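Data block below; observations after.
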Amino acid sequence: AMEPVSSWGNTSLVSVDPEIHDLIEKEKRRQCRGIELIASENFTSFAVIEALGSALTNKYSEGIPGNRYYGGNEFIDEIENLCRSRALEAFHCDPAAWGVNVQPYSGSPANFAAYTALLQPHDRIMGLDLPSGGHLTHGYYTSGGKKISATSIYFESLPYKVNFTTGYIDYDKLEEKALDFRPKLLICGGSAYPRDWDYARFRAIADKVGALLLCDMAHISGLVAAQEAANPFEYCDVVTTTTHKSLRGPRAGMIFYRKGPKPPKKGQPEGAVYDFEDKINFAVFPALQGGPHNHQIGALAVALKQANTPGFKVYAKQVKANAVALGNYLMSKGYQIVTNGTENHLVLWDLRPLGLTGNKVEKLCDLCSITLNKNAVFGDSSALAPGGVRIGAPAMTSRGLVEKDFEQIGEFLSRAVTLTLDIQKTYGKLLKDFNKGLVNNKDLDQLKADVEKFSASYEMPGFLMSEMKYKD
Amino acid sequence: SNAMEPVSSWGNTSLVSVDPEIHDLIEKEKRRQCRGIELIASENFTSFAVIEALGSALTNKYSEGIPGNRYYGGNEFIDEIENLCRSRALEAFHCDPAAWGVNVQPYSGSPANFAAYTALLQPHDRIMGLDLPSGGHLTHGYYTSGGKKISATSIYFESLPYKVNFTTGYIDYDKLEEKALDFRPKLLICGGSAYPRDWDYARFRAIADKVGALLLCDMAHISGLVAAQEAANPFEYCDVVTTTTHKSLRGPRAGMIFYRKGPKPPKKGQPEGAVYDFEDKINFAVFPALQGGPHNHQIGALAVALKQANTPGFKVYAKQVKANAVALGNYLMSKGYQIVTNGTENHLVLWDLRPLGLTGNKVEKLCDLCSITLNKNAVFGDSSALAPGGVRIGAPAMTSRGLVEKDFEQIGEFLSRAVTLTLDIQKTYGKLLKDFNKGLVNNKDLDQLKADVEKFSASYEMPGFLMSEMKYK
Amino acid sequence: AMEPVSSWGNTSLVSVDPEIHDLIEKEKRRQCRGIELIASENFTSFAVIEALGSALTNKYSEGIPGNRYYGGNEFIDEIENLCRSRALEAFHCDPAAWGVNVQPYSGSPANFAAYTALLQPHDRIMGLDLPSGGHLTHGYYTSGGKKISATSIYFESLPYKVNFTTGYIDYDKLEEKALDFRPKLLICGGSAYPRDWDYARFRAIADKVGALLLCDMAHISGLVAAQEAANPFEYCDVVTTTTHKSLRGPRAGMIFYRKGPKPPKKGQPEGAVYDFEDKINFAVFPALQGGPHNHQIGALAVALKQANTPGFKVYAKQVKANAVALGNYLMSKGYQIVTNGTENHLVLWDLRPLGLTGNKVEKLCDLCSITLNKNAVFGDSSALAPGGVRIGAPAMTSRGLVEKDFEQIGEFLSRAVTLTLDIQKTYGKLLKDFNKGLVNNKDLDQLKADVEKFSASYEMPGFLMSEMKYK
Amino acid sequence: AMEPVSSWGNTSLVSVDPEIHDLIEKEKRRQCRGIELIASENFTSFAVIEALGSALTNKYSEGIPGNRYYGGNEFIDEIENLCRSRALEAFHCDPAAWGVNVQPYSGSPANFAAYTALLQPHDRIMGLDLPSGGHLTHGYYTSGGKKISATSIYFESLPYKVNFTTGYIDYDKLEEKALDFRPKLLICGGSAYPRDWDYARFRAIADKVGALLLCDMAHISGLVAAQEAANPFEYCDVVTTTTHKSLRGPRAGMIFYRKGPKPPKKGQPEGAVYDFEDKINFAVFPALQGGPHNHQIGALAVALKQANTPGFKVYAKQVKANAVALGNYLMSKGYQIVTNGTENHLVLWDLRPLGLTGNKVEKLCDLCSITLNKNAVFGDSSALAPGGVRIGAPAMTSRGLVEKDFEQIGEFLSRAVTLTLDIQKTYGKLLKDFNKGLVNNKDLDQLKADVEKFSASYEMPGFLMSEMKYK
Ligand SMILES: CN(Cc1cnc2nc(N)nc(N)c2n1)c1ccc(C(=O)N[C@@H](CCC(=O)O)C(=O)O)cc1
Ligand SMILES: CN(Cc1cnc2nc(N)nc(N)c2n1)c1ccc(C(=O)N[C@@H](CCC(=O)O)C(=O)O)cc1
Ligand SMILES: Cc1ncc(COP(=O)(O)O)c(CN[C@@H](CO)C(=O)O)c1O
Ligand SMILES: Cc1ncc(COP(=O)(O)O)c(CN[C@@H](CO)C(=O)O)c1O
Ligand SMILES: Cc1ncc(COP(=O)(O)O)c(CN[C@@H](CO)C(=O)O)c1O
Ligand SMILES: Cc1ncc(COP(=O)(O)O)c(CN[C@@H](CO)C(=O)O)c1O
């Protein structure tokens, strides 16, 4: 005799699985009691989450709208059609010149599918070097020749770097390297670069060496949509992105691609038109993915509707203004940030002049409910000892914080780095001894409690703090 | 301007007010799911509790790495959730954690397989899997007669399929053995998407050992049956087991990669005390090689599903799923229809339409119009992709709504009426699709069939949400 | 002061390097005092050798005739043009429908340049399996997965086999495999298959799977020229060959390719023409080789004139008659030759029914001045101890031997195998045991003396036995 | 009824193939009636040519000495062993620390074999850029992405360049690129570079990036053997070469490789030993080649003996002294050479200050019997046409010319570029117009005549001018 449907299938999580329910409630408390500075994180809306947790998860819908492998997709099709056109609308794309696939599971799936569509195995790729602020998915291999990214396993990658004096992209060295290496794909976009991108110059380089030009705008997609960042669609053939960072949506990826007539070309036929659409669609499916995750797609459609509002543009401006205010506060205390400013959502803090390592700061901060991450500095490609931390404004800005609140965050960070110096002063620059100061430290306990009282006092999108299990 | 919208406005308001359009479409899709007869073998209806974990604050957290070795901080509770997910995974599948580990981060099934391949093979290494017209899946490799590489498994690796016996419809182990002796795959893959019989993993191991291949089972379709001990256990013979979690296992949409650990079994010419080293390679392929941040809301939801799957009640359901497939299969054979291998031992029925003079897509498109959802499926010999010769029918989703054998025989009668209407249209308008499409318009028997079907479907419970609360009643 | 030009540069080899001169004189004696049965070996002519050793070795001539990177190639061009046109004439090709590149240094370079011209790295290739009579350059990899041939390193090979019962190529199994595997290149030809090739059935299979069809005719190239073997040019897109085997020329390779209008197809523009010429030329140079070896090409031109004579056709007939006579003799003594006969220049002999492996017979033969080589047979997996030996007729036929002489060769071979059996019976199959019988063996000594006395009575092309150092 | 062996097999070339015989006599005359300045060409000895044109061509000998696949190799082994040990001797290698494979058919086969032995497909390689003086086989792809060398087809290559101002290899740019690219194999050596190489710095660079270090010493093979150039063996893991350039032997290649204990390196186990020998042998055969060309190997053993003499060392000194006397002659006349001198066998002439291209000069020089080749200068690749020519001394030095003769060659080159400019004044730079001056030009007639009388006044190794057909 089967267990009735209402029992296993309709009972709430709290009764079905108190263990997981309790863990989610502890994670809910952690999120609204911490100062969350990881540049790639955000707090998405309850409306997004309600679509994310929905019966859309049940449906297999392989194919694309209007061309499915099987049936039952009448409404899945409307949702995905709406998600795609809301995506082109959010990024101000003429749909006769731009298409988009919203099925990639995440950002790395979106990048690898773009590479699969446009390149053969072992074709050459160039992206921003990791210690210059690039991302793993743009290619990464070690000095010992170990290939870390699958981008470097199945293709041939070579990084370009920032100028080590200024911290800006050395466009001359990029152009020199691309002319020698002759990449078939040139990637722009990054993860820890604190300035905006000159896509026009990337298009000029791309045209000189004959490469396709792809922008991965994942970190700044929210800024791009809000027209608070330079527009990569003006110059790139293909644009990839995540949807969960500054865009403030679910965890998913998108691939945008040109359609229609190609611009004037050196000796190639009149009337030539782009042929990305079919290649990109086929790489996503059937080549790489299986059934799309329709709960992410519907949730993304909600996110994209929310992004295309006057309010979201205000949020994007505030994100930048908050990043700037935090950076100015740290520089006024004597700290040094990379390029002495920011033009986007993040700040790169150089910790070498303090004699501290990104590891120690990240460790201490985490024990004080401040989450950031360590990060290489000024392109210093050496080892496992990052000399900086990366700080981002999207998540706390989403909780309603403005400049003076981010100045308070700067003062919290100042107390943390002061605490870190003092712990290194007493126990030394070796981590296993530094750790002894991290336990039963009343000063740390005081800072952590002041951090949590600060964070507790702001609203939280996505759920109701008044209803959460752990308010204390 | 320069003042942000209040958090309560954009961030806490419910979906029905924030996005009436999307809310309305999800409610239409909710009604569709509980008013049709859902026979797509890879689908299921998961619990509300799984869905509550899936739509949760876990979506906000970046946690690259694994429990106990993250890149970032703040992962105290994500670590407890993922560790719980792994150990419930090993429990549900009866693995000794000293001999088996599991990575639960794959985004879906195809990511799980490509990660397993990346972990164990170099680019262009040889792979063999079950041919699609024999019941296999794309992710095990697929290229066309023209030489077109369809699956990324065939783009980045060198695949060669194996087939069922031309006559019996069972895996042809001798031909398999012969091909692998010649082709010499580095990885031999078992499991499939439309094969109606259980698998002999002991024979696959013998062949794998004979040729020197790693043996991997993709148990996606039968995951719930294996966990329930209602199917042969691949963990007893395979090096690596991959799976989805949203099919018969009835979880969220995700993948898992199981791998052996510890001392290797005695093989000749093998150094004594030899140990498996799948664990580091598989973890590394998932991250940092292939994926980015894990989707923690899926992982937490998977943990819920793995708890639910490891119950006595879930074993009853798996037994019923197999009993419902058989009941439907016997019902269709007793009407004169041709079922592949004349029965089933798992969750699905493979129906051969070629003796009827019918193509799988015709029956698929007519059923869809009557709220019967299935899929056309290649049967042995097929060459087409738009127009294969059969349909594949599964029991898990309608069984999860509480249907038993008698209800599945009513489904069989609905399937008979639909095929008869399909032949009626063909007899009247022609065998060409453009002719055929004329019968699907203003068709009274088709309207009648669609009404009976939804009347039927409406009579059962629905997991995952409350019908008593839906927009469309 | 510099050594005068005449001193180092015009003095004979006997004075400049007596050590090497003496070694070549010892090798000249070996060649006319032994029974030479290596099926890939021949005795080329003095004329070929006078061109091979000439001032042509001095000239760099990268490019093709009329399109060289360097100047001064007026006469290299005429020679290479002469060689190409004589190549087409020898194999009966209309130059409007076939072209040829004569620059490959040897056979293996010819094959790799053909693959490089026609395929991308990792494309699929099918070739005759080695234990079915195939060659390494058509692909070889071990059961353990060791990639042995470059063909298997840079491309993806899968072998096709002979039918177990008949010893003939199994065209049904081939078609089945090619349909599954989907090769882009299907290769025919071999080095130990004793029968001829049905190129029409191969073309039917290649069309069925969408493969290019290449024939490697190296072994039977002299028989093809003479129209004593089926003609691969009737059905193949590309034909590769060596020139030093049955063609009786210098050591070189050639790549023949179709030109001009294509036959009717589908998706092919009406009026389409073959596109092999430029890819093949380019793959040979600049992709793979450097400067051509012009002395080889001039010597090859001479050989190609000598092959296109009525005399060469008599030789090719005799080569085939001698092989049949040898195989018939061995079969009458109870020996198992594969397919129980031959249609070409060689005989393949399964020794496993005798309880022997081919390395034992090859070693004992060698000590008796009989040169052949061990050879895999159907089912073998051993590098060092295959189950057969391969024997071919071109070289000793070139010395004038006819059927009667090859029946005596059979009796020597039968004597050699009986002695191998005696030794094995007495000492064992273990190598260090079998060796115990290879020394102080009076029966061995006698067989060697008989063999060399038989061998010295016949003429020898390439040099004058009357003027050689060791008689 | 076979044709008698003596008619086809022992008759001389002149009566068997008068066409080919005549063309070789024309090419013999051409070789001594002009000024051969192709840096990669030489005139080898009659002794080498006699071994090259010998009965060694008849033998199949797959394998290596003492480890052959079949029989008849008693004297082939002695010859190949002698070639290998003379090779190690000529380049001053301790045989406990160095081995050599002498079977590569030429230089490009040697290089591709070395790569196959040392690297997996698609592994990264760096070599000297072609416009910077490198060679195709070290990698070459076009600005469009077309892969030209098989090196770039089957591996991933990235070139390094000379300094565009000074013409010297930019070693700091190379280190920068190697650190970014991380090649598994770093190649040194080139085809048109007028300076010696800093192998110690290449070793420092290879060790910094974890690369293998190979030298392709083809052009300077003779200078290194004669100890007239830096020794790559002190620093490189592998040395490949041809044998027909400054080494003055037959056309063939060699691969040297280290053996025995490795020197200390951090991260290296104590007692670690080199593992090149089996890999390199296996790549050559059975992976890439078939039968060795034993006539080349025999001819090579001769050339290696001739190279390890006091006479040959005087020749290598004279080669460098002649290249220096030519370079200092041109600089004395206002002309400019890259790096303003040379340390080896060649000069690189910058023609751009004259407003000339290397194409105009190479073609006018051919029309009056001076063979040189156009060449890019200062690593320029954007240039429509090459801005210089390359001139080598080994070939005419082998004819006995000393410094004063190469000064006379300098005057002939001055006349050539003057007469080239004469034509450019009166027809411009468009080659369709420039071609108009290359016909019915009396001044070019006088130059062709003076050059031909000049060349005829010297001896010729390899054959006897007194006995040639065309005098
Ligand atoms: C991904 N896949 C499986 C598959 C399954 N269901 C589908 N369903 C639909 N509606 N469309 C598909 N492309 C489809 N494809 C494919 C894709 C292409 C071919 C294909 O090329 N078929 C050729 C035959 C192969 C050839 O001639 O090269 C044909 O004629 O249909 C087959 C299967
Ligand atoms: C190239 N080739 C054919 C071949 C023919 N004649 C030869 N002759 C000699 N003297 N040596 C050889 N290696 C040799 N090889 C080879 C090479 C390697 C193997 C091999 O690697 N291994 C096994 C077979 C074991 C396996 O199936 O992998 C052996 O012992 O022969 C087989 C054949
Ligand atoms: C054996 C096997 N392995 C892997 C997958 C991939 O699952 P995914 O869609 O989550 O990527 C599938 C999907 N199978 C689905 C979609 O093709 C089906 O309807 O059969 C599968 O059958
Ligand atoms: C530019 C870019 N492209 C792609 C990705 C991958 O997104 P995914 O986690 O969804 O795979 C990232 C993630 N970036 C995260 C994790 O590394 C970060 O903290 O910076 C990215 O920055
Ligand atoms: C360094 C190097 N390595 C290899 C080779 C090729 O030798 P090969 O022609 O015997 O193949 C050359 C030939 N170089 C000739 C033809 O390009 C030349 O005129 O320079 C070379 O310079
Ligand atoms: C069909 C075929 N194609 C190519 C080759 C290679 O010729 P090569 O030695 O000149 O490389 C051979 C060599 N065959 C020789 C050496 O293995 C033999 O004894 O059979 C061949 O048989």
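The chains referred to below are lettered A, B, ... by the order of the sequence lines, with proteins before strands, and numbering in each begins at 1. FYI, side chains are in, hydrogens and waters are out, and symmetry mates aren't considered; it's all heavy atoms of this structure. Order of appearance sets the numbers: ligands from 1, and atoms from 1 within every ligand.
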Check whether any heavy atom of D:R251 sits under 4.0 Å from an atom of ligand 5.
-> no
Under 3.5 Å, N or O to N or O, is D:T242 touching ligand 5 that way?
-> no
Look at atom 24 (C) of ligand 2 and say which protein heavy atom is nearest, naming residue and atom and giving the distance to 0.1 Å.
-> C:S381 O, 3.2 Å
Under 4.0 angstrom from ligand 4, any heavy atom of A:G253?
-> no
Which of the atoms in ligand 5, numbered in the order shown and given with their element, are less than 4.0 Å from a heavy-atom of D:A218?
-> 1 (C), 2 (C), 3 (N)
Nitrogen or oxygen of D:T137 less than 3.5 angstrom from that of ligand 5 = no
To the nearest 0.1 Å, how far is atom 1 (C) of ligand 2 from its closest protein heavy atom, and which atom is that?
-> C:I148 CG2, 3.7 Å
Side chain, backbone, both or neither: which part of A:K245 has a heavy atom under 4.0 Å from ligand 4?
-> side chain
Does any N/O atom on D:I38 come nearer than 3.5 Å to any N/O atom on ligand 5?
-> no
Can you find an N/O atom of D:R390 closer than 3.5 Å to an N/O atom of ligand 5?
-> yes
Exam field: side chain D:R251 to backbone D:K245, donor-acceptor pair closer than 3.5 Å | no
Among protein heavy atoms, which lies nearest atom 20 (C) of ligand 2, and at what distance?
-> C:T142 CG2, 3.9 Å
What atoms of ligand 5 come closer than 4.0 angstrom to any heavy atom of C:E62?
-> 16 (C), 17 (O)
Nearest protein heavy atom to atom 6 (N) of ligand 2, by residue and atom, and its distance?
-> D:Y69 CD2, 3.3 Å
Mark up the atoms of ligand 5 that fall under 4.0 Å of a heavy atom belonging to D:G107, in ascending order.
-> 7 (O), 8 (P), 10 (O), 11 (O)
Could you tell me whether a side-chain N or O of C:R390 sits under 3.5 Å from a main-chain N or O of C:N375, the two making a donor and an acceptor?
-> no
Counting both backbone and side chain atoms, is some N or O of D:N67 under 3.5 Å from an N or O of ligand 2?
-> no
Do C:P286 and C:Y69 touch side chain to side chain, with heavy atoms closer than 4.5 Å?
-> yes
Taking atom types as modelled, is there a side-chain donor on A:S108 or B:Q291 under 3.5 Å from an acceptor on the other?
-> no
Should B:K61 and A:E41 count as an ion pair when the cut-off is N to O under 4.0 Å?
-> yes
For the residue pair D:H135 and D:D216, confirm or rule out a side-chain donor-acceptor distance under 3.5 Å.
-> no
Relative to ligand 5, is C:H293 under 4.0 angstrom through side chain, backbone, both or neither, heavy atoms considered?
-> neither
Any protein heavy atom nearer than 4.0 Å to atom 3 (C) of ligand 2 = no
Can you tell me which residue and heavy atom of the protein come closest to atom 22 (O) of ligand 5, and the distance to 0.1 Å?
-> D:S191 OG, 2.7 Å
For ligand 2, is there an atom lying under 4.0 Å from some heavy atom of C:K374?
-> yes
Taking atom types as modelled, is there a side-chain donor on C:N359 or C:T357 under 3.5 Å from an acceptor on the other?
-> yes
Ligand-side contact atoms (ligand 2) for residue partner C:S382, heavy atom cut-off under 4.0 Å | 31 (O)
Examine ligand 4 and decide if any of its atoms is less than 4.0 Å from a heavy atom belonging to A:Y105.
-> no
For the residue pair C:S152 and C:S157, confirm or rule out a side-chain donor-acceptor distance under 3.5 Å.
-> yes
Pair B:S63-B:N296, side-chain donor/acceptor within less than 3.5 Å | yes
Contact between C:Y69 and ligand 5, counting heavy atoms under 4.0 Å?
-> no
A:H244: numbered ligand 4 atoms lying under 4.0 Å from its heavy atoms | 10 (O)
So the atoms of ligand 2 within less than 4.0 Å of a heavy atom of D:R68 turn out to be 10 (N)
For atom 9 (O) of ligand 5, closest protein heavy-atom neighbour | C:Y60 OH, 2.5 Å
Residue C:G290 vicinity, atoms of ligand 5 by number, heavy atom under 4.0 Å = 9 (O), 11 (O)
Can you tell me if D:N344 uses its side chain to pair, donor with acceptor, with the backbone of D:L346 under 3.5 Å?
-> yes
Flag: protein heavy atom within less than 4.0 Å of atom 22 (N) of ligand 2 = no
Determine whether any heavy atom of D:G189 lies closer than 4.0 Å to an atom of ligand 5.
-> no
C:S143 heavy atoms within 4.0 Å reach ligand 2 at atoms 26 (C), 27 (O), 28 (O)
May I ask you to check whether C:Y60 and D:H244 show a side-chain donor-acceptor distance below 3.5 Å?
-> yes
If you measure from atom 16 (C) of ligand 2 to every heavy atom of C:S149, C:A383, C:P131, which option wins on shortest distance?
-> C:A383
Just checking, any donor-acceptor pair under 3.5 angstrom between side chains of B:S108 and A:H293?
-> yes
D:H138 N/O under 3.5 Å from ligand 5 N/O | no
So is C:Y140 close enough to ligand 2, meaning a heavy atom under 4.0 angstrom away?
-> yes
Should you measure from each heavy atom of C:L384, which atoms of ligand 2 turn up under 4.0 Å away?
-> 9 (C), 10 (N), 11 (N)
Heteroatom distance test (A:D216, ligand 4): nitrogen or oxygen, under 3.5 angstrom | yes
N or O pair under 3.5 Å between B:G293 and ligand 4 = yes
Under a 4.0 Å heavy-atom limit, does A:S108 contact ligand 4 with its side chain, its backbone, both, or neither?
-> both
Considering distance alone, does some N or O of D:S106 sit under 3.5 Å from an N or O of ligand 5?
-> yes
Is any side-chain heavy atom of A:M254 closer than 4.5 Å to a side-chain heavy atom of A:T243?
-> yes
Using a strict 4.0 Å cut-off to heavy atoms of C:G144, name the atoms of ligand 2 that fall inside it.
-> 28 (O)
Run the numbers for me: atoms of ligand 5, each under 4.0 Å from some heavy atom of D:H219, listed by number.
-> 18 (C), 20 (O), 22 (O)
Would you say A:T240 and A:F256 make side-chain contact, with heavy atoms under 4.5 Å?
-> no
Is the backbone N or O of C:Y70 less than 3.5 Å from a side-chain atom of D:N373, with the two atoms forming a donor-acceptor pair by type?
-> no
Residue portion contacting ligand 2 (non-hydrogen atoms closer than 4.0 Å) for C:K146 | neither
Looking only at protein heavy atoms, identify the closest one to atom 14 (N) of ligand 4 and say how far it is in Å.
-> A:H135 NE2, 3.4 Å
Hey, is A:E41 touching ligand 4 through its side chain, its backbone, both or neither, going by heavy atoms under 4.0 Å?
-> neither
